[PDB]
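Next comes coords-v2.txt, with compact mmCIF, C-alpha atoms and all ligand atoms.
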# COMPACT_ATOMS: atom_id res chain seq x y z
CA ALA A 1 0.00 0.00 0.00
CA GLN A 2 1.45 3.48 -0.68
CA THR A 3 1.80 6.24 1.99
CA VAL A 4 1.08 9.84 0.95
CA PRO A 5 3.54 12.22 2.88
CA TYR A 6 1.81 15.23 4.56
CA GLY A 7 3.55 17.59 2.16
CA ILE A 8 1.70 16.46 -0.98
CA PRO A 9 -1.77 17.39 0.46
CA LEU A 10 -0.48 20.49 2.35
CA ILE A 11 0.66 22.16 -0.97
CA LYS A 12 -2.56 20.75 -2.61
CA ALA A 13 -0.64 18.72 -5.24
CA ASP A 14 -3.10 15.89 -4.88
CA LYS A 15 -5.85 18.20 -6.14
CA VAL A 16 -3.94 18.76 -9.43
CA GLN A 17 -2.93 15.06 -9.76
CA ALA A 18 -6.68 14.14 -9.49
CA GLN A 19 -7.40 16.61 -12.32
CA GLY A 20 -5.13 14.33 -14.35
CA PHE A 21 -1.86 16.44 -14.42
CA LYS A 22 1.04 14.46 -13.00
CA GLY A 23 4.16 15.93 -14.67
CA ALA A 24 4.38 13.76 -17.77
CA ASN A 25 6.98 14.92 -20.29
CA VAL A 26 8.55 17.52 -18.00
CA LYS A 27 12.28 16.79 -17.54
CA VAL A 28 13.55 17.47 -13.97
CA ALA A 29 17.21 17.22 -13.06
CA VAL A 30 18.17 16.71 -9.34
CA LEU A 31 21.72 18.09 -8.71
CA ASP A 32 22.78 16.23 -5.64
CA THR A 33 24.63 13.11 -4.30
CA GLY A 34 23.13 10.88 -7.01
CA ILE A 35 19.97 8.75 -6.85
CA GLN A 36 19.75 5.00 -5.99
CA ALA A 37 18.22 4.23 -9.48
CA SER A 38 17.37 0.58 -8.67
CA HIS A 39 14.98 1.68 -5.91
CA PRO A 40 11.52 0.14 -6.83
CA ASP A 41 9.61 3.41 -6.23
CA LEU A 42 11.89 5.57 -8.47
CA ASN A 43 12.33 5.68 -12.27
CA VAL A 44 15.52 7.55 -13.31
CA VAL A 45 15.65 7.98 -17.09
CA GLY A 46 19.33 9.24 -17.22
CA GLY A 47 21.88 11.74 -15.84
CA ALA A 48 25.57 12.58 -15.47
CA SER A 49 28.32 12.51 -12.83
CA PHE A 50 30.85 15.28 -12.20
CA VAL A 51 32.32 13.36 -9.30
CA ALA A 52 35.31 11.39 -10.39
CA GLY A 53 35.06 7.74 -9.57
CA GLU A 54 31.29 7.58 -9.25
CA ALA A 55 28.48 7.02 -11.77
CA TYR A 56 25.17 8.93 -11.41
CA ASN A 57 23.12 5.77 -10.66
CA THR A 58 24.49 5.26 -7.13
CA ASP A 59 23.84 7.42 -4.00
CA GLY A 60 26.43 6.75 -1.27
CA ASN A 61 24.89 9.34 1.03
CA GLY A 62 21.11 9.13 0.92
CA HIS A 63 20.33 12.84 0.53
CA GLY A 64 19.87 12.63 -3.32
CA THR A 65 17.51 9.66 -3.34
CA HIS A 66 15.38 11.41 -0.67
CA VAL A 67 15.13 14.69 -2.58
CA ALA A 68 14.28 12.78 -5.79
CA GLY A 69 11.43 10.81 -4.04
CA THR A 70 9.76 14.04 -2.99
CA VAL A 71 9.76 15.24 -6.68
CA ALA A 72 8.95 11.91 -8.43
CA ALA A 73 8.30 8.74 -6.33
CA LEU A 74 5.92 6.66 -8.45
CA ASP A 75 2.18 6.62 -7.98
CA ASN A 76 1.61 2.91 -7.36
CA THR A 77 0.85 0.57 -4.34
CA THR A 78 4.48 0.80 -2.96
CA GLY A 79 6.37 3.20 -0.67
CA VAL A 80 5.55 6.87 -1.07
CA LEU A 81 4.01 9.31 -3.61
CA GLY A 82 5.89 12.25 -5.13
CA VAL A 83 4.59 15.71 -6.12
CA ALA A 84 5.00 14.97 -9.90
CA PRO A 85 5.17 11.16 -10.16
CA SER A 86 5.22 11.10 -13.98
CA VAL A 87 8.19 13.47 -14.69
CA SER A 88 11.24 12.27 -16.56
CA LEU A 89 13.82 12.22 -13.75
CA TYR A 90 17.57 12.80 -14.34
CA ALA A 91 20.31 12.35 -11.72
CA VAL A 92 23.14 14.84 -11.84
CA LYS A 93 25.80 13.86 -9.36
CA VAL A 94 27.62 16.92 -8.21
CA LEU A 95 28.12 16.00 -4.51
CA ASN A 96 29.97 12.92 -3.13
CA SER A 97 29.01 10.34 -0.44
CA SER A 98 30.05 12.95 2.14
CA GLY A 99 27.70 15.59 0.71
CA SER A 100 30.51 17.87 -0.38
CA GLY A 101 31.44 19.06 -3.85
CA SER A 102 33.40 21.98 -5.25
CA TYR A 103 31.88 25.01 -7.04
CA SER A 104 33.07 23.80 -10.44
CA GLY A 105 31.36 20.44 -10.09
CA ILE A 106 28.10 22.10 -9.28
CA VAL A 107 28.60 24.55 -12.26
CA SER A 108 29.26 21.69 -14.68
CA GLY A 109 25.99 20.08 -13.42
CA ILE A 110 23.91 23.28 -14.12
CA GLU A 111 25.55 23.62 -17.51
CA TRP A 112 24.90 19.90 -18.42
CA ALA A 113 21.20 20.34 -17.48
CA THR A 114 20.69 23.60 -19.50
CA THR A 115 22.42 21.89 -22.49
CA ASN A 116 20.38 18.66 -22.24
CA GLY A 117 17.11 20.66 -22.11
CA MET A 118 15.76 20.07 -18.63
CA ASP A 119 12.63 22.01 -17.78
CA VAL A 120 13.36 22.29 -14.06
CA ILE A 121 16.59 22.09 -11.97
CA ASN A 122 16.56 21.37 -8.25
CA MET A 123 19.52 22.27 -6.01
CA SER A 124 18.96 21.10 -2.39
CA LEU A 125 22.40 22.54 -1.51
CA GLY A 126 23.87 25.87 -0.56
CA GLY A 127 27.34 27.37 -0.24
CA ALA A 128 28.43 30.35 1.83
CA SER A 129 29.81 32.09 -1.23
CA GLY A 130 28.75 32.29 -4.73
CA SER A 131 30.99 32.15 -7.69
CA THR A 132 31.04 34.27 -10.84
CA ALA A 133 30.75 31.14 -12.99
CA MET A 134 27.94 29.90 -10.77
CA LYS A 135 26.02 33.21 -11.19
CA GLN A 136 26.56 33.04 -14.96
CA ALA A 137 25.41 29.38 -15.10
CA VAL A 138 22.08 29.91 -13.28
CA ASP A 139 21.38 33.24 -15.14
CA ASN A 140 22.09 31.37 -18.32
CA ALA A 141 19.79 28.53 -17.31
CA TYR A 142 17.01 30.78 -16.45
CA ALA A 143 17.42 32.93 -19.56
CA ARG A 144 17.15 29.65 -21.63
CA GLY A 145 13.68 28.91 -19.98
CA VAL A 146 14.76 26.46 -17.14
CA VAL A 147 12.98 26.93 -13.77
CA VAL A 148 15.80 26.91 -11.20
CA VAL A 149 14.85 26.07 -7.57
CA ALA A 150 17.15 25.84 -4.56
CA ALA A 151 17.10 25.44 -0.79
CA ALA A 152 17.25 28.83 1.02
CA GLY A 153 19.50 27.32 3.67
CA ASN A 154 19.32 26.03 7.17
CA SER A 155 20.97 28.89 9.09
CA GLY A 156 17.87 30.07 11.01
CA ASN A 157 16.96 33.63 11.96
CA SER A 158 19.59 35.81 13.68
CA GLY A 159 18.26 39.33 14.54
CA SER A 160 17.96 40.95 11.06
CA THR A 161 20.86 38.92 9.56
CA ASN A 162 20.19 37.71 6.08
CA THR A 163 21.16 34.05 6.25
CA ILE A 164 20.14 32.95 2.69
CA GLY A 165 22.90 31.03 0.91
CA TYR A 166 24.04 30.51 -2.67
CA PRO A 167 22.64 29.51 -5.34
CA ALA A 168 19.36 30.64 -3.68
CA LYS A 169 20.56 34.20 -3.20
CA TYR A 170 20.74 34.75 -6.99
CA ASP A 171 17.83 36.45 -8.54
CA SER A 172 17.40 33.87 -11.27
CA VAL A 173 16.93 31.11 -8.62
CA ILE A 174 13.74 30.59 -6.53
CA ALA A 175 14.87 30.49 -2.90
CA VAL A 176 12.76 28.02 -0.94
CA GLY A 177 12.20 28.10 2.86
CA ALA A 178 10.78 25.43 5.22
CA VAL A 179 7.47 24.97 7.05
CA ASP A 180 6.26 22.06 9.19
CA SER A 181 2.93 20.17 9.11
CA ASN A 182 1.23 23.00 10.95
CA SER A 183 2.54 25.63 8.42
CA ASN A 184 4.93 27.19 10.92
CA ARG A 185 8.36 28.46 9.79
CA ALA A 186 10.82 25.65 10.73
CA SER A 187 13.37 27.21 13.18
CA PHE A 188 16.32 26.36 10.97
CA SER A 189 14.92 27.99 7.77
CA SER A 190 17.18 30.91 6.61
CA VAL A 191 15.70 34.44 6.43
CA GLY A 192 16.49 37.34 4.19
CA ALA A 193 15.08 39.58 1.53
CA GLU A 194 15.50 36.97 -1.21
CA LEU A 195 13.23 34.32 0.38
CA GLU A 196 10.59 33.67 -2.25
CA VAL A 197 8.29 30.88 -1.17
CA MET A 198 7.99 28.24 1.59
CA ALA A 199 7.31 24.48 1.21
CA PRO A 200 7.24 21.33 3.56
CA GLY A 201 10.73 20.82 4.98
CA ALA A 202 10.32 19.46 8.56
CA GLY A 203 9.86 15.74 9.02
CA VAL A 204 9.71 14.75 5.33
CA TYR A 205 9.27 11.06 4.61
CA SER A 206 10.69 9.79 1.23
CA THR A 207 12.79 7.12 -0.58
CA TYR A 208 16.22 6.34 0.91
CA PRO A 209 19.22 4.09 0.02
CA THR A 210 18.74 0.75 -0.36
CA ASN A 211 15.30 0.08 -1.11
CA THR A 212 14.03 1.83 1.98
CA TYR A 213 12.39 5.10 3.19
CA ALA A 214 13.44 7.82 5.79
CA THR A 215 12.53 11.10 7.39
CA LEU A 216 14.90 14.10 6.96
CA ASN A 217 14.62 17.78 7.87
CA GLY A 218 15.90 20.74 5.78
CA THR A 219 15.04 23.48 3.25
CA UNK A 220 16.69 20.80 1.02
CA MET A 221 13.42 18.84 1.54
CA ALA A 222 11.33 22.06 0.94
CA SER A 223 12.92 22.79 -2.49
CA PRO A 224 11.87 19.44 -4.32
CA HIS A 225 8.23 20.27 -3.47
CA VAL A 226 8.52 23.51 -5.54
CA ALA A 227 10.49 21.81 -8.35
CA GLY A 228 7.63 19.24 -8.43
CA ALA A 229 4.90 21.97 -8.34
CA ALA A 230 6.58 23.59 -11.42
CA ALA A 231 6.58 20.23 -13.24
CA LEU A 232 2.75 19.87 -12.57
CA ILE A 233 1.97 23.38 -13.84
CA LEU A 234 4.03 22.70 -17.00
CA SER A 235 2.33 19.34 -17.81
CA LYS A 236 -0.99 21.26 -17.71
CA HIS A 237 0.11 24.51 -19.46
CA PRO A 238 3.10 23.40 -21.57
CA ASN A 239 4.05 26.58 -23.50
CA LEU A 240 4.46 28.78 -20.38
CA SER A 241 7.81 30.53 -19.95
CA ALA A 242 9.94 29.99 -16.84
CA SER A 243 8.99 33.43 -15.48
CA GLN A 244 5.35 32.58 -16.05
CA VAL A 245 5.79 29.30 -14.02
CA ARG A 246 7.77 31.27 -11.36
CA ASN A 247 5.10 33.94 -11.23
CA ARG A 248 2.13 31.57 -10.82
CA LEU A 249 3.91 29.97 -7.76
CA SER A 250 4.63 33.14 -5.72
CA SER A 251 1.52 35.15 -6.79
CA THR A 252 -0.85 32.40 -5.66
CA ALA A 253 1.05 31.47 -2.38
CA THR A 254 -0.97 31.44 0.89
CA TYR A 255 0.31 34.40 3.02
CA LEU A 256 1.89 33.22 6.22
CA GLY A 257 3.51 36.44 7.46
CA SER A 258 6.40 38.85 7.07
CA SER A 259 8.38 38.28 3.89
CA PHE A 260 11.72 38.31 5.73
CA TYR A 261 10.55 35.15 7.45
CA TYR A 262 8.13 33.63 4.93
CA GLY A 263 8.56 35.10 1.44
CA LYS A 264 5.29 35.31 -0.42
CA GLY A 265 4.13 32.32 1.70
CA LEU A 266 3.17 28.62 1.35
CA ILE A 267 2.72 27.47 -2.21
CA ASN A 268 -0.67 26.28 -3.30
CA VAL A 269 -0.20 24.38 -6.58
CA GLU A 270 -3.95 24.09 -7.11
CA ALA A 271 -4.24 27.88 -7.24
CA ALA A 272 -0.98 28.13 -9.24
CA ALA A 273 -2.14 25.59 -11.91
CA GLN A 274 -5.50 27.21 -12.62
CA CA B 1 4.86 4.85 -4.73
CA CA B 2 16.67 33.80 -5.49
Can the structure from this file be put into C-alpha cells for me?
Ligand SMILES: [Ca+2]
Ligand SMILES: [Ca+2]
Amino acid sequence: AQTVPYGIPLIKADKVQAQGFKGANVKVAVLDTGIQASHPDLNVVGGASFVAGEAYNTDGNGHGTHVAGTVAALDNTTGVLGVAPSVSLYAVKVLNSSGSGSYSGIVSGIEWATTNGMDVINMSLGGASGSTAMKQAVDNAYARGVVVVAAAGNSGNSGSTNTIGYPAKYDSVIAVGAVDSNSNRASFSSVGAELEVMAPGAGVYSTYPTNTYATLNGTXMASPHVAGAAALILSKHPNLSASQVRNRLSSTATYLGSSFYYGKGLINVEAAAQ
C-alpha cells in the first residue's frame, strides 16, 4: 500500500494530480549526491556525474535519493508518492558520499542540465559564497527557460541577519524556505530579503538508500516540493515561460507572514495551476 507524505496534500498537489496532471513529459534534473536508481519506487531515465570515480546511478549518502522521491516517487501501491510522479527524472551527481562538492562540479551540473534541455533544476544545496561562474550558469539557465529552484538554507533567523545562501541568493533562482505540518516556519529555515516561497521541509518522509524510506529535515526537503509543483503546472500549461511558471507559484502562495521570514508564503499548486 502506498503512503502519501503530509507535504503532498499540504501544498494541494493531490488536487492537481486528481485533475489528471502528474508531470508527464517535464524533464527534472536533481543536482545532488546521485539517486539509488534501482529503488523500486523511483524511475531515473538518465543523468551525469561530475564526481570522479562515481556514476550517477548510485547514492552513497542518501540525501539525493530522498530529494528525488519528494519530486517523483511513483504513484503505485508501494512506498511513497511524489509531487509529480510522472516526470522524466535525471540524476546529476555533483556532490559525493560525504555531501561535499566543489563550485566547479556544481557549475558543470547546471551547464549539463541547460544543455540537455531540462525544464526544471533542483539544487537542495547551498554554499556560503557564490561564484562568478555559478552566477553566470544559473542566469544562463534561467534565460534559456529552465525553472531553477534551490534550498534557502538552514541557518535560522539571527536578529535581522540575512542568512540565505548561494545559489538561492541569486535572482534567477527561486529560494525556498521550510514549514512544518502545521505551516509554521521551521526554526532552521534561513531568512532574508531573497526568500521567495515556503514548502514542507520538517519531518519529510521519502525514498532512501537501499530500497528503503526515511525522514529528513531541511530546506533541502522544501525545495523538491517547488520543483515538483513547477513540473505539474508545466504538464498542464506546456508553453508557459519559466517566469510565467515562477510567477504563478509566488503570486498564488498562501500568506503566512512577514516576507523576511516567509517570502510570499506557502505554495498552493492548485491555485498556481488554474
Ligand atoms: Ca509509490
Ligand atoms: Ca533567489
Find the residues around range 188-199 of chain A up to 6 Å (all atoms listed in the file counted), leave out those fewer than 4 positions away in its own chain, and share them as a JSON list (two decimals) with C-alpha atoms, in the frame of the given file.
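The resulting file, part05.json, is reproduced below:
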[["chain", "number", "residue", "atom", "x", "y", "z"],
["A", 152, "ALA", "CA", 17.25, 28.83, 1.02],
["A", 153, "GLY", "CA", 19.50, 27.32, 3.67],
["A", 154, "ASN", "CA", 19.32, 26.03, 7.17],
["A", 155, "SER", "CA", 20.97, 28.89, 9.09],
["A", 156, "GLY", "CA", 17.87, 30.07, 11.01],
["A", 157, "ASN", "CA", 16.96, 33.63, 11.96],
["A", 162, "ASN", "CA", 20.19, 37.71, 6.08],
["A", 163, "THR", "CA", 21.16, 34.05, 6.25],
["A", 164, "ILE", "CA", 20.14, 32.95, 2.69],
["A", 175, "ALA", "CA", 14.87, 30.49, -2.90],
["A", 176, "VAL", "CA", 12.76, 28.02, -0.94],
["A", 177, "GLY", "CA", 12.20, 28.10, 2.86],
["A", 178, "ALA", "CA", 10.78, 25.43, 5.22],
["A", 179, "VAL", "CA", 7.47, 24.97, 7.05],
["A", 222, "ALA", "CA", 11.33, 22.06, 0.94],
["A", 260, "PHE", "CA", 11.72, 38.31, 5.73],
["A", 261, "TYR", "CA", 10.55, 35.15, 7.45],
["A", 263, "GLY", "CA", 8.56, 35.10, 1.44],
["A", 264, "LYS", "CA", 5.29, 35.31, -0.42],
["A", 265, "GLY", "CA", 4.13, 32.32, 1.70],
["A", 266, "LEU", "CA", 3.17, 28.62, 1.35]]
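Among A:31, A:81, A:11, A:24, the residue with the shortest atom-to-atom distance to ligand CA 1 (chain B), counting all atoms listed in the file, is A:81.
Each of A:159, A:14, A:272, A:91 was checked against residue 254 in chain A using all atoms listed in the file; the smallest atom-to-atom distance is that of A:272.
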Residues within 6 Å of ligand CA 2 (chain B) (only C-alpha atoms and all ligand atoms), as a PDB file with C-alpha atoms, in the frame of the given file?
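Dumped everything to out09.pdb:
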ATOM      1  CA  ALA A 168      19.360  30.640  -3.680  1.00  0.00           C
ATOM      2  CA  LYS A 169      20.560  34.200  -3.200  1.00  0.00           C
ATOM      3  CA  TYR A 170      20.740  34.750  -6.990  1.00  0.00           C
ATOM      4  CA  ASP A 171      17.830  36.450  -8.540  1.00  0.00           C
ATOM      5  CA  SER A 172      17.400  33.870 -11.270  1.00  0.00           C
ATOM      6  CA  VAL A 173      16.930  31.110  -8.620  1.00  0.00           C
ATOM      7  CA  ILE A 174      13.740  30.590  -6.530  1.00  0.00           C
ATOM      8  CA  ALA A 175      14.870  30.490  -2.900  1.00  0.00           C
ATOM      9  CA  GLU A 194      15.500  36.970  -1.210  1.00  0.00           C
TER      10      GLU A 194
END
> What do you get as a ChimeraX atom specification if you pick all residues at most 10 Å from ligand CA 1 (chain B), counting only C-alpha atoms and all ligand atoms?
Replying inline: /A:1-4,40-42,69,72-82,85,206-207
> What is the CA of residue 236 in chain A-CA of residue 118 in chain A distance in Å, reported with one decimal?
Replying inline: 16.8 Å
>> Please list as a ChimeraX atom specification every residue within 9 Å of range 239-243 of chain A, counting all atoms listed in the file and excluding residues in the same chain fewer than 2 positions away.
In response: /A:119-120,142-148,233-234,237,245-248
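Across the structure, CA of residue 267 in chain A and CA of residue 84 in chain A are spaced 14.9 Å apart.
CA of residue 83 in chain A sits 12.8 Å away from CA of residue 20 in chain A.
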Could you give me, as a PDB file with C-alpha atoms, in the coordinates of the input, the residues that have an atom at most 12 Å away from the point (18.6, 0.8, 4.2) in the coordinates of the file, using all atoms listed in the file?
ATOM      1  CA  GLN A  36      19.750   5.000  -5.990  1.00  0.00           C
ATOM      2  CA  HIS A  39      14.980   1.680  -5.910  1.00  0.00           C
ATOM      3  CA  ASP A  59      23.840   7.420  -4.000  1.00  0.00           C
ATOM      4  CA  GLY A  60      26.430   6.750  -1.270  1.00  0.00           C
ATOM      5  CA  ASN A  61      24.890   9.340   1.030  1.00  0.00           C
ATOM      6  CA  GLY A  62      21.110   9.130   0.920  1.00  0.00           C
ATOM      7  CA  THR A  65      17.510   9.660  -3.340  1.00  0.00           C
ATOM      8  CA  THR A 207      12.790   7.120  -0.580  1.00  0.00           C
ATOM      9  CA  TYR A 208      16.220   6.340   0.910  1.00  0.00           C
ATOM     10  CA  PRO A 209      19.220   4.090   0.020  1.00  0.00           C
ATOM     11  CA  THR A 210      18.740   0.750  -0.360  1.00  0.00           C
ATOM     12  CA  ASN A 211      15.300   0.080  -1.110  1.00  0.00           C
ATOM     13  CA  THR A 212      14.030   1.830   1.980  1.00  0.00           C
ATOM     14  CA  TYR A 213      12.390   5.100   3.190  1.00  0.00           C
ATOM     15  CA  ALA A 214      13.440   7.820   5.790  1.00  0.00           C
TER      16      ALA A 214
END
>> I need every residue sitting at most 12 Å from the point (34.9, 23.0, -13.9) (coordinates as in the file, all atoms listed in the file considered), written as a count of residues only.
In response: 19
Output as a tab-separated table (two decimals), keeping the file's coordinate frame: range 111-142 of chain A, completed with N, CA and C atoms.
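part12.tsv written:
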chain	number	residue	atom	x	y	z
A	111	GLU	N	25.27	23.53	-16.10
A	111	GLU	CA	25.55	23.62	-17.51
A	111	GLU	C	25.07	22.38	-18.28
A	112	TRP	N	25.36	21.16	-17.81
A	112	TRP	CA	24.90	19.90	-18.42
A	112	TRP	C	23.37	19.88	-18.55
A	113	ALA	N	22.67	20.39	-17.54
A	113	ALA	CA	21.20	20.34	-17.48
A	113	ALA	C	20.56	21.37	-18.43
A	114	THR	N	21.09	22.59	-18.51
A	114	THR	CA	20.69	23.60	-19.50
A	114	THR	C	20.92	23.09	-20.95
A	115	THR	N	22.08	22.50	-21.22
A	115	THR	CA	22.42	21.89	-22.49
A	115	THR	C	21.63	20.60	-22.82
A	116	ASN	N	21.14	19.84	-21.87
A	116	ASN	CA	20.38	18.66	-22.24
A	116	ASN	C	18.88	18.92	-22.13
A	117	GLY	N	18.49	20.19	-22.05
A	117	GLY	CA	17.11	20.66	-22.11
A	117	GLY	C	16.11	20.29	-21.01
A	118	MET	N	16.58	20.31	-19.78
A	118	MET	CA	15.76	20.07	-18.63
A	118	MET	C	14.77	21.22	-18.51
A	119	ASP	N	13.56	20.95	-18.05
A	119	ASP	CA	12.63	22.01	-17.78
A	119	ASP	C	12.89	22.61	-16.40
A	120	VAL	N	13.33	21.85	-15.43
A	120	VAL	CA	13.36	22.29	-14.06
A	120	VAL	C	14.65	21.76	-13.44
A	121	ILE	N	15.34	22.52	-12.60
A	121	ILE	CA	16.59	22.09	-11.97
A	121	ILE	C	16.34	22.24	-10.47
A	122	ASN	N	16.73	21.25	-9.69
A	122	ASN	CA	16.56	21.37	-8.25
A	122	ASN	C	17.93	21.36	-7.61
A	123	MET	N	18.27	22.34	-6.76
A	123	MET	CA	19.52	22.27	-6.01
A	123	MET	C	19.26	22.40	-4.51
A	124	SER	N	19.14	21.24	-3.84
A	124	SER	CA	18.96	21.10	-2.39
A	124	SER	C	20.34	21.17	-1.70
A	125	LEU	N	21.03	22.27	-1.96
A	125	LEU	CA	22.40	22.54	-1.51
A	125	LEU	C	22.57	24.05	-1.52
A	126	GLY	N	23.53	24.47	-0.72
A	126	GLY	CA	23.87	25.87	-0.56
A	126	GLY	C	25.27	26.09	-0.01
A	127	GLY	N	26.03	26.94	-0.68
A	127	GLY	CA	27.34	27.37	-0.24
A	127	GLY	C	27.25	28.71	0.49
A	128	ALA	N	28.37	29.07	1.11
A	128	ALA	CA	28.43	30.35	1.83
A	128	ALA	C	28.77	31.50	0.86
A	129	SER	N	29.46	31.14	-0.21
A	129	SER	CA	29.81	32.09	-1.23
A	129	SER	C	29.20	31.62	-2.53
A	130	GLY	N	29.08	32.60	-3.39
A	130	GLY	CA	28.75	32.29	-4.73
A	130	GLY	C	30.07	32.09	-5.44
A	131	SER	N	29.95	32.35	-6.72
A	131	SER	CA	30.99	32.15	-7.69
A	131	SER	C	30.45	32.82	-8.94
A	132	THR	N	31.30	33.62	-9.56
A	132	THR	CA	31.04	34.27	-10.84
A	132	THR	C	30.52	33.28	-11.86
A	133	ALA	N	31.19	32.14	-12.02
A	133	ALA	CA	30.75	31.14	-12.99
A	133	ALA	C	29.45	30.50	-12.53
A	134	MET	N	29.21	30.45	-11.23
A	134	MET	CA	27.94	29.90	-10.77
A	134	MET	C	26.81	30.89	-11.08
A	135	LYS	N	27.02	32.19	-10.88
A	135	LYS	CA	26.02	33.21	-11.19
A	135	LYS	C	25.73	33.16	-12.69
A	136	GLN	N	26.74	33.16	-13.52
A	136	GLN	CA	26.56	33.04	-14.96
A	136	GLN	C	25.81	31.78	-15.31
A	137	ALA	N	26.09	30.62	-14.74
A	137	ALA	CA	25.41	29.38	-15.10
A	137	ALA	C	23.92	29.41	-14.76
A	138	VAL	N	23.51	29.90	-13.57
A	138	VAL	CA	22.08	29.91	-13.28
A	138	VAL	C	21.34	30.97	-14.10
A	139	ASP	N	21.96	32.15	-14.35
A	139	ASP	CA	21.38	33.24	-15.14
A	139	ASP	C	21.15	32.79	-16.57
A	140	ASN	N	22.09	31.98	-17.01
A	140	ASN	CA	22.09	31.37	-18.32
A	140	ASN	C	20.93	30.37	-18.46
A	141	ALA	N	20.78	29.60	-17.38
A	141	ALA	CA	19.79	28.53	-17.31
A	141	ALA	C	18.45	29.16	-17.38
A	142	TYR	N	18.29	30.17	-16.57
A	142	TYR	CA	17.01	30.78	-16.45
A	142	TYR	C	16.66	31.58	-17.68
